[PDB]
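Trainee: sequence, then structure. It's an experimental one.
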Amino acid sequence: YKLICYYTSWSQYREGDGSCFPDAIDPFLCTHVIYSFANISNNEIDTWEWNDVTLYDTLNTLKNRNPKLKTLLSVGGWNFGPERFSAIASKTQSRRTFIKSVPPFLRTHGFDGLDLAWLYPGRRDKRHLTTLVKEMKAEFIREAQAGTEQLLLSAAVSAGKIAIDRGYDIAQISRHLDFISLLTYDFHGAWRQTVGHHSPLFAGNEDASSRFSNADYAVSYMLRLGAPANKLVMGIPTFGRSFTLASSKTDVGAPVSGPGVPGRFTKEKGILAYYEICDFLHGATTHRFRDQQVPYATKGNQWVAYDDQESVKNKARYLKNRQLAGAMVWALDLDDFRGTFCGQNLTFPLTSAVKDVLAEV
Ligand SMILES: *[C@@H]1O[C@H](CO)[C@@H](O[C@H]2O[C@H](CO)[C@@H](O[C@@H]3O[C@H](CO)[C@@H](O)[C@H](O)[C@@H]3O)[C@H](O)[C@H]2NC(C)=O)[C@H](O)[C@H]1NC(C)=O
């Protein structure tokens, strides 16, 4: 079983303990570690942060302690403009440019593959996205003729029914990608004035219309569409989403007024790291959607939807039972990586739990 773990570049700048660098990563924790977001310049892959080539080095040294550990570089991301991605893949000329540029870049900095994080192809991009994948892989196959281990190619894919249908030819790209990461944690929030859980595993028979907004559907649909289980990787949250309540109500459907107040370390309205939540939990009221199988907490006028050890194990067994290829954890740097926020003296508690379940039968 695979355990893909993303690490984000900008997490280095959080203050105090919040600060996280590649060397804080347990080299045996995950099987695949993904350095988050490389940039594109003049149609060539390139660095982003001022010290990337240094962090690259840091991250890839872990490979000296664990020879089996594989690393990848993800392109795109949220601060990368989809349009941008669009422009590059639309023209065979700029596309080939970008592609030819990749292999050397990765060989140079020591990465074992490329992760495409084109954040949401449009109805008009579906045909190009497929192209970009074919040719990219075709190139990776050609570069392997030089006696080195073939480069890996993967992609983070939305788990949103409409999004999927609108921009992905899942049956095609699945044959060319080594694995696909399902962003199964973006089901709510997305600015809709009512409290709700972003990563529910299940259907929850109550108040519906969505029905498609849970990991289960997502997984099932993907399967239906043609993507093999042995290439699917389910996404697992290591952060929670917060909301500022507009009334004293707390149950399902509760009126919301906007995102939650920022955390002392991540400082971004609407998000919390698990380690911030661990601190938030002191003096709060914890609840759990039985049908969906995920927590949520409240304190004052703040409402939080998050994933805990159990929920995570839950989802992990789930993916095992459907026989998928593995789990994907968004934000090793959002987990309690110091192991000094969530109590039970343990480093990477959430990520660790997934591993434990995956190591089980
Ligand atoms: C990720 O790569 C991007 C593409 O190379 C790069 O984007 C930018 O490229 C230049 C370099 O700064 C920008 O320059 C400006 O825009 C106008 C002219 O177009 C000037 O008048 C102005 O003075 C300024 O120099 C481009 O605007 C911008 N281009 C695009 C298409 O985004 C990014 O800098 C890079 N991001 C990071 C974080 O490194």
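Mentor: Great, that's in hand. Residues are numbered from 1 along each chain as shown.

Trainee: biggest strand in this protein, by residue count?
Mentor: The longest strand of the chain (DSSP state E) is strand 32-41.

Trainee: wait, does it contact the ligand?
Mentor: Yes. Strand 32-41 comes into contact with the ligand (C-beta under 6 Å from any ligand atom), by way of 39, 40, 41. Every residue, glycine included, has its C-beta placed from N, CA and C.

Trainee: a markdown table for those residues, including distance to residue 278 and neighbour count?
Mentor: Formatted as a markdown table, these follow (distance: C-beta to C-beta, whole Å; neighbours: other C-beta atoms under 10 Å):
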| residue | distance to residue 278 | neighbour count |
| --- | --- | --- |
| 39 | 33 | 17 |
| 40 | 37 | 20 |
| 41 | 39 | 10 |
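
Trainee: re earlier: tell me the first helix or strand C-terminal of the longest strand of the chain.
Mentor: Downstream of strand 32-41, the next assigned helix or strand under DSSP states H and E is strand 44-46.

Trainee: excluding its backbone neighbours, what's nearest the closest residue to the ligand within the stretch 151-300 of the chain?
Mentor: The stretch 151-300 of the chain approaches the ligand most closely through residue 268 (17.6 Å), counting by C-beta to the nearest ligand atom. By the measure of C-beta to C-beta, 6 or more residues apart in numbering, the closest residue to residue 268 outside its immediate chain neighbours is residue 262, 5.8 Å from it.

Trainee: that neighbour contacts residue 269, correct?
Mentor: Yes. The pair residue 262 / residue 269 is scored as a contact, 5.4 Å apart, by C-beta atoms under 8 Å.

Trainee: let me know the distance separating the residue of the stretch 151-300 of the chain closest to the ligand from residue 332.
Mentor: Plainly put, residue 268 is 17 Å away from residue 332 if you go by C-beta to C-beta, to the nearest Å.

Trainee: quick one: which of these two has more around it?
Mentor: The neighbour comparison of residue 268 against residue 332 (other C-beta atoms under 10 Å) goes to residue 332, with 26 against 13.

Trainee: residues touching the more buried one, list them.
Mentor: 5, 6, 7, 20, 25, 29, 30, 33, 238, 348, 351 (C-beta atoms under 8 Å, 6 or more residues apart in numbering).

Trainee: how about a cut-off of 7 Å?
Mentor: 5, 6, 7, 25, 348, 351 (C-beta atoms under 7 Å, 6 or more residues apart in numbering).

Trainee: same question for residue 1.
Mentor: 326, 358.

Trainee: distance check, it against the ligand.
Mentor: Distance from residue 1 to the ligand, counting by C-beta to the nearest ligand atom, to the nearest Å: 35 Å.

Trainee: related to what we said a few turns ago, and the contacts of residue 332, which of them are in helices?
Mentor: residue 351 (DSSP state H).

Trainee: for the residue in the stretch 51-200 of the chain that the ligand sits nearest to, give its distance to residue 19.
Mentor: As assessed by C-beta to the nearest ligand atom, the ligand sits closest to residue 84 within the stretch 51-200 of the chain, at 6.4 Å. Residue 84 sits 29 Å away from residue 19, going by C-beta to C-beta.

Trainee: that concludes my questions; thank you for your assistance.
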